[PDB]
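Residue numbers (the deposited numbering), protein chains in the order written: chain A, 1 to 139; chain B, 4 to 538; chain C, 95 to 149; chain D, 1 to 203; chain E, 72 to 294; chain F, 512 to 561; chain G, 111 to 160; chain H, 10 to 60; chain I, 1 to 13, 22 to 100.
Just so it is clear, CB atoms sit at the ideal spot from N, CA and C, and this is done for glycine as well.
Data first, discussion second: the structure below is written as structure tokens.
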Amino acid sequence: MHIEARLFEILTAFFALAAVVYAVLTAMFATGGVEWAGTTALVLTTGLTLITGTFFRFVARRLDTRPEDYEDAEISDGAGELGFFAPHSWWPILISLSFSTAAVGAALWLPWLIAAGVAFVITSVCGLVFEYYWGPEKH
Amino acid sequence: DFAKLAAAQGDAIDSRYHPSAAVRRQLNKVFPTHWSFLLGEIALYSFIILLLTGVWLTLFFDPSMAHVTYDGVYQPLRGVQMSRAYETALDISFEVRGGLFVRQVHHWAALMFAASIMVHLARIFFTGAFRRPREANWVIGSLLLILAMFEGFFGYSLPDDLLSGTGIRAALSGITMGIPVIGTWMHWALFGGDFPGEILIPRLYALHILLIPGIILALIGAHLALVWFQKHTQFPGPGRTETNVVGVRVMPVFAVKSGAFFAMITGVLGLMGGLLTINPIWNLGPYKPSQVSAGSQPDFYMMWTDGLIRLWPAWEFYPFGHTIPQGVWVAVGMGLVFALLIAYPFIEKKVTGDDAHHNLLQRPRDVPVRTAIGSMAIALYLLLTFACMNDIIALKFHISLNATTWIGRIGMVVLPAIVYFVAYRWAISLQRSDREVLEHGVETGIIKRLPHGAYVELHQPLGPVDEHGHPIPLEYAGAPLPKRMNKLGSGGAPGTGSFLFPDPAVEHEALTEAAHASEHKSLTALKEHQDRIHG
Amino acid sequence: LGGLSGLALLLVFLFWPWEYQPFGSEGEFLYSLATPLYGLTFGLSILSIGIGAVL
Amino acid sequence: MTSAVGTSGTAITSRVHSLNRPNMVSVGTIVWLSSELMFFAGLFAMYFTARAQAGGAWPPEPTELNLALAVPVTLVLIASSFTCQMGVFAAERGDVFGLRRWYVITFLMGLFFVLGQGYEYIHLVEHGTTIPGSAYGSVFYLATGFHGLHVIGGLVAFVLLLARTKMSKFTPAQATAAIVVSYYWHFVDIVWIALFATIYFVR
Amino acid sequence: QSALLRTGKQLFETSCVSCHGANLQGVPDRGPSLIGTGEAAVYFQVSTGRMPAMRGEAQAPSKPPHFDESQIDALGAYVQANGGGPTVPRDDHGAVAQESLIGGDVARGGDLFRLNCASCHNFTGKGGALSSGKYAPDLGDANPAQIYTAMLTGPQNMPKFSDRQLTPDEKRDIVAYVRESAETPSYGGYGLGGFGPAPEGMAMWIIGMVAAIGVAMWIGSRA
Amino acid sequence: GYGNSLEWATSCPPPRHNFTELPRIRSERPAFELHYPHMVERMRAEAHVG
Amino acid sequence: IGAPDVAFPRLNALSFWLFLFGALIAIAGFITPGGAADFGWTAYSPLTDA
Amino acid sequence: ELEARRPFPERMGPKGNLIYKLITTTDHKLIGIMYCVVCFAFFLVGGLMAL
Amino acid sequence: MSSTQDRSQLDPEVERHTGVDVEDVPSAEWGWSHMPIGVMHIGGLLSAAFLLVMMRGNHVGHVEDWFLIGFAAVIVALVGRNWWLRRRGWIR
Ligand code: HEA
Ligand SMILES: CCCCCCCCCCCCCCCC(=O)O[C@H](COC(=O)CCCCCCC[C@@H](C)CCCCCCCCC)COP(=O)(O)O[C@H]1[C@H](O)[C@H](O)[C@H](O)[C@@H](O)[C@@H]1O
Ligand SMILES: CCCCCCCCCCCCCCCC(=O)O[C@H](COC(=O)CCCCCCC[C@@H](C)CCCCCCCCC)COP(=O)(O)O[C@H]1[C@H](O)[C@H](O)[C@H](O)[C@@H](O)[C@@H]1O
Ligand SMILES: CCCCCCCC/C=C\CCCCCCCC(=O)OC[C@H](COP(=O)(O)OCCN)OC(=O)CCCCCCCCCCCCCCC
Ligand code: HEC
Ligand code: HEM
Ligand SMILES: CCc1nc2ccc(Cl)cn2c1C(=O)NCc1ccc(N2CCC(c3ccc(OC(F)(F)F)cc3)CC2)cc1
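Right under this line is the structure:
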């Protein structure tokens, strides 16, 4: 987790530099000082990269070299129990349809449709989140 | 001494009468415990509520077209000529305490009655509950559904209303007048004259509070008697066969849950009658032949009729000095529709040839052709219903009214075909999912094989395992299969303390191994009964 | 809870500002949720009784 | 079906072993939170460009920010973040019940924050400022209301995850789910701290 | 007024000359002639925001006003001076009379509405669909003056109810009924729009059926 | 032929889960090294020359 | 990368479906009588206001 | 020494082996194929617009 | 582990020998699984004919007729492709 961390610290450094130079060169040499739109966007994309890179560096320090992060690693080194990978599920399409219902209720100003879409989204997200935890029916 | 009193009353009843044998026989009757089998109950429950509400409404409703000035509380209709029926509907809404609530829950119960009948019909159709033992049931049920629809029409038509009045004008007057040979004669008999005939609303009142509810009650009695004595069908399962009913006896369990379901359905209907406004007739002035509204729909169970009117392309025929109006078409439509609904099991047995006594239901996926046909019928019904709402759909969802009309026109031919194809392939795909889970077992998380980098989903066999890893495939038996280890005994033992605090470890243990033993004993008993059936 | 809801239904039906109030008149708001309260209390009562029976 | 093909305690397990490998769900939620930061960046850009274009009195005369109720809600949000972190601490352990208690009180504090924000919204609305009324009113309401929608989503996640912990034996996967929900809540209240330092402090 | 007409001309010369000629005669196949439309037409059309139309389609929709009350009056006075036509009602002060346009009678206003307005709008003033891409918008938003001017000038596919069909008394009565229906709470719970059968059936099939089927699934088993 | 990327080291219609046999990844282009072992050394030798 | 699947594969299925239906609703501007979005792709502000 | 292979691989596969997969498939490869097919559907919709 | 295999004796009744086979439809015996291709093609032709005949009505516009023509042509093309493939034995 060190290489993909360093990637994000490099991106964070560049974005911080770009935001700082934009702010300095717009606060003066511009008609209305700092643009306040590009400046904030650059600052918070710097923040985006900073959060991701900080988490990656934290994990990398927390983690011993993984086989994937280790050169000269045999395939048998990584062999073993991989985690749960969700098999077939029809809940994603229902979530998409629910959000589409809410989106059309938003575009077409139909507050009833917005509410129905929000209810559908909550129901479908519950179904997805609970899909692999719903215990057997007890009768 | 309540125990002694109960014993004495039982002895009196069994001394005067001798129902011990019969009473035991019904109290022991077994009813399957599938949720879908409760669907029909909803309709019955809704029906009961309607009766209980309907009688109440009869104590305050005066059916008549006698013109009168309101002179009542509702200011926006004062001095306006209205039929006495509309005046009394307004009085119920405003003048009698709870009258708005009572008629509101009555109309909501009518809508739930219709919708639950439709859902029950779909259930029995897709599950094939109409086969050899129970065609007559189907048939009467079909008739029953039809009656409900018409009574609903006669229900919101009772309060002489602009919306309901224009609905009467379109449907009854126009269509009856359109029928070629006797159409005008039927119109004059039904109205005792032309459309505004002064004997329409009283006749509809008689048909709606006395005649049609009585016929529906008689048909419901026949329906429930047949289901009771043609003991309910069941889905395939472990210990379930064509010659037994696996479930819960009537008295301890089935009666309690049925009564609780009636209570909860009544609660849903009361909550709707309070919080949701149904047919706000006061906004709808008294019916006048000239006044109009843009919406002008009937209740959802006749929206398919209205949509069929809208989408049918204005085709008329003109014989020798006679006219055959386009309205005629819808009548024929209904005929065919009903003629195909009432008769369907006989067409099914004539085409397929299944003339066997079928007691085990069929999963809809296991009958791709019938599932596709039912999906096609539901698609056509939905298309027609939304076509009736094409006015409102265009208003809210910005689509040109002509565009919606032509979408419906092309759809009533194309959408059924697409839905049939999709439903057929979907049913076969569900069958293949079942076969795959049988032949491989349930799926789980992925693991990377030790020596090489093979990735395997780490299945779970549902049956005996071969000498090597792969199991012996099982044989499909028409019962649902577990596609998720979720629903098996995997990761399903949360702390039984409480939501906030635990219980002592000894108590949690006792409870969890008790539940484990109970469910294992249930499985063992079902398996032993299954083996004893054949073996 | 079903019992308290039934008692609330009795109390609201006996003592609540029902009756049509002309648009704009003070107390129209109380009327506007009179029938909603009737239905709410009745439905909660019977629904909760049914829920208790099912449980 | 001798005993089992997959010798796993639960049908659902951690998507990667968190001991020697990164918690993959944690990485995914961190990435998504980093993106939602840039969404809030769009909102902040709107507000800031509106601020630059005022005639020296950025909150119009009709609008008068109710700091008396605004400070308490921020305090409640940071307290909810602390209790969420306590819920996480309980989650790393097998103590599902402590996790549930901590997350329930966090949910209550977040709901109280939402209720207080609604109260302040109605107070501002009755005294003039509204979305269709003024540029300040519109930008303020838009930013704070999208944050409030995020808070409501966090409350939804809290209730859903408590229910999920109720329906299965508390697994390391459930602990990771609780941890990612806590990450989302921490993002939510951090964004609120920024929105308070801008809307109410910097003005 | 001289300054009012000057301001109206200034606003007109740079907002609508493209659709309507500089002499207010409609540009062919872009916009109609504004000669004789009147101050009432301008007020209703611009206060509702329709007039900076920005497209030629089946139905010009309502949108936020592009001019403020004073500018609305300036444009309306300009048009009134050019052609001469209906004028927006005004009270003693001089502003666009809105409170004074609420007729006392509502039952008579209700009959007038149902005979004339409900034909396409609704029983209770909601919207309605029209032939091809057109519709009748909801009356909830329109203020009394806007309703009055809409009746007094049929914007597009609206019958123009002259002062002789609906005398100021009848127009005020209809305005009163419209406002009363729009602002009156739906007695008997949340009024699902104004259309009965369609929202009512949809709400049945969603709320009641989902609840009943979910309760059946809870009570019943699966197999 | 002469592919890279580890994507051509699995049955051309890839099995569910993408692999039944994973090569010992030694460079950017494991599939080429698997299918052409003799070039492995060459790949390491001529690489730097450019 | 030699992986069996994507990190959150239900999530990528959700992404695909969210795309399909979002694109469908965006394109559905054409069925409306007014038509689809007339403002340029870039959709600069005042031209996009109500 | 010789393998028993079909003369030509299955062209289409058995009826109804795809619809439920599309509805439920969690396999990334199938989702990518769906992406490509839908994306060219859209690339024709656009492009016809261009024509 | 809480589950048990099920077996069902279902009354079987045509003798499910002509039409569909379990390989094509895994639950052929369990219920109606075959709709003849003849009724397919006849219904498709009837749908196309209905689409054409709706061109005759009361509508001055012609976008509607063109959409009808396009949809009916699509249906006829699908039915023709299916019929040709069936006649040749699902080739091309
Ligand atoms: C990926 C992006 C992309 C692609 C591939 C193309 C491809 C093409 N574009 Fe592009 N174009 C843009 C992106 C793209 N364009 C953008 C972003 C703009 C600016 C938009 C704006 O100003 O807002 C633009 C603008 C633009 C204009 C200016 C229009 C205007 O603003 O006035 C023109 C004019 O000819 C044009 C032409 C073309 C042509 C002739 C092609 C050809 O390459 C297209 C190839 C054609 C096809 C592939 C169709 C063939 C298929 C069929 C006939 C089958 C159809 C069947 C069904 C639909 C069932 N484009
Ligand atoms: C469950 C329902 C599913 C739908 C089922 C049906 C599917 C079949 C679709 C058939 C499409 C047919 C479209 C043709 C229609 C047509 O013929 O009309 C035209 C207008 O074309 C159009 O809009 C194209 C519309 C195409 C959109 C169809 C999209 C499918 C949607 C509906 C699917 C979503 C379903 C979601 C359901 C929700 C769940 C349900 C439980 C022109 O009218 P007009 O407007 O008057 O134009 C005048 C000129 O005439 C005149 O010359 C010119 O001069 C002008 O004046 C002009 O005005
Ligand atoms: C078990 C049943 C539980 C039911 C919940 C009961 C809720 C009780 C609500 C409170 C008491 C009754 C309110 C009666 C007062 C009242 O009616 O409520 C209107 C609101 O109405 C709307 O707009 C909709 C607003 C969106 C929120 C409500 C949505 C609730 C839906 C989702 C519940 C039913 C299910 C439908 C699902 C359908 C989805 C299908 C997938 C509010 O006024 P307003 O907003 O201004 O209405 C405009 C006039 O002004 C103006 O003139 C007029 O012309 C109009 O423009 C009018 O809209
Ligand atoms: C996308 C949503 C639509 C577009 C984006 C909107 C984003 C806004 C987000 C949060 C703000 C909510 C806080 C609302 C409370 C703040 C107070 C206020 O807004 O001001 C009062 C005004 C009247 O002002 P007035 O006429 O001058 O009369 C003054 C009376 N004396 O009410 C209003 O219109 C406010 C109503 C706003 C409701 C927004 C509902 C959002 C839920 C959408 C669900 C997700 C859809 C998915 C789409 C992909
Ligand atoms: C279908 C014929 C028709 C009838 C008759 C009719 N309307 Fe309309 N109405 C329309 C149309 C179309 C519009 C759209 C106006 C526009 O687009 O400029 C409209 C618009 C309106 C508006 C504007 C509301 C807004 O928010 O823009 C009001 C108010 C109104 N009508 C009230 C009435 C009244 C009052 C009557 C009875 C005198 C009536 N209508 C009769 C069709 C009609
Ligand atoms: C059996 C199925 C029934 C259905 C589907 C049904 C349906 C309806 C509907 C939808 C209404 C409209 C109410 C309104 O809009 O206010 C209505 C009205 C009415 N119903 Fe029925 N009903 C049924 C049974 C009954 C029964 C048994 C009675 C009498 C015991 C009855 C008496 C009435 C009366 C008097 C009215 C008019 C009163 C009013 O509208 O306020 N109904 N019916
Ligand atoms: C029309 C559509 C409609 N538009 C609107 C607009 C607004 C509103 Cl609010 C409601 N609507 C509706 C509406 O609700 N329609 C329901 C409806 C339709 C037809 C009938 N029909 C019974 C049988 C008759 C008949 C047929 C054959 C006969 O021959 C026999 F059987 F052999 F004797 C005898 C009589 C025809 C009328 C009932 C209800």
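Which residue marks the beginning of the alpha helix (DSSP H) containing residue i, and which one marks its end?
i	result
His70 (chain B)	Not the alpha helix (DSSP H): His70 (chain B) falls in the beta strand (DSSP E), residues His70 to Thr72.
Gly144 (chain C)	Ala128 to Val148
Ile536 (chain B)	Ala508 to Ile536
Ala129 (chain E)	Here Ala129 (chain E) belongs to no alpha helix (DSSP H), and DSSP marks it neither H nor E.
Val335 (chain B)	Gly330 to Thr355
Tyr208 (chain B)	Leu203 to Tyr208
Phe196 (chain D)	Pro172 to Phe196
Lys7 (chain B)	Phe5 to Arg19
Of all the options the options, which has the alpha carbon lying nearest to the alpha carbon of residue i?
i	options	result
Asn362 (chain B)	B:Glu201, B:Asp369, B:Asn247 and B:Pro322	B:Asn247
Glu460 (chain B)	A:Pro67, A:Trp91 and A:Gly83	A:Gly83
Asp162 (chain E)	E:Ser171, E:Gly196 and E:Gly211	E:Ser171
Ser125 (chain G)	H:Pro23, H:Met43, H:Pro16 and H:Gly56	H:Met43
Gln233 (chain B)	B:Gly377, B:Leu47, B:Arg137 and B:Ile223	B:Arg137
Considering just the uninterrupted stretch of the beta strand (DSSP E) at residue i, what are its terminal residues?
i	result
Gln84 (chain B)	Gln84 to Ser86
State yes or no: is the C-beta of residue i within less than 8 Å of the C-beta of residue j?
i	j	result
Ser538 (chain F)	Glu544 (chain F)	yes
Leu433 (chain B)	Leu465 (chain B)	no
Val125 (chain A)	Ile135 (chain G)	no
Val108 (chain B)	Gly273 (chain B)	yes
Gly170 (chain B)	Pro367 (chain B)	no
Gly155 (chain E)	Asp244 (chain E)	no
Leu166 (chain B)	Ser299 (chain B)	yes
Stretch pair the segment 39 to 48 of chain I + the segment 24 to 34 of chain H: three plus CB contacts closer than 8 Å: no
Contact the segment 65 to 77 of chain B vs the segment 125 to 145 of chain B: 3+ CB pairs below 8 Å: no
Sufficient close CB pairs (3 or more, under 8 Å) joining the segment 46 to 53 of chain A to the segment 15 to 27 of chain A: yes
At least three beta-carbon pairs within less than 8 Å, the segment 97 to 116 of chain E to the segment 87 to 98 of chain D: no
Contact the segment 357 to 373 of chain B vs the segment 384 to 403 of chain B: 3+ CB pairs below 8 Å: no
Contact list for the segment 24 to 39 of chain H against chain J, Cβ threshold 7 Å: Chain labels in this structure do not include chain J; the protein chains are A, B, C, D, E, F, G, H and I.
Touch test, the segment 370 to 381 of chain B against the segment 145 to 165 of chain B, Cβ-Cβ under 8 Å, three pairs minimum: no
Touch test, the segment 120 to 130 of chain D against the segment 54 to 73 of chain D, Cβ-Cβ under 8 Å, three pairs minimum: yes
Cβ contact (3+ pairs, closer than 8 Å) linking the segment 87 to 97 of chain B and the segment 255 to 275 of chain B: no
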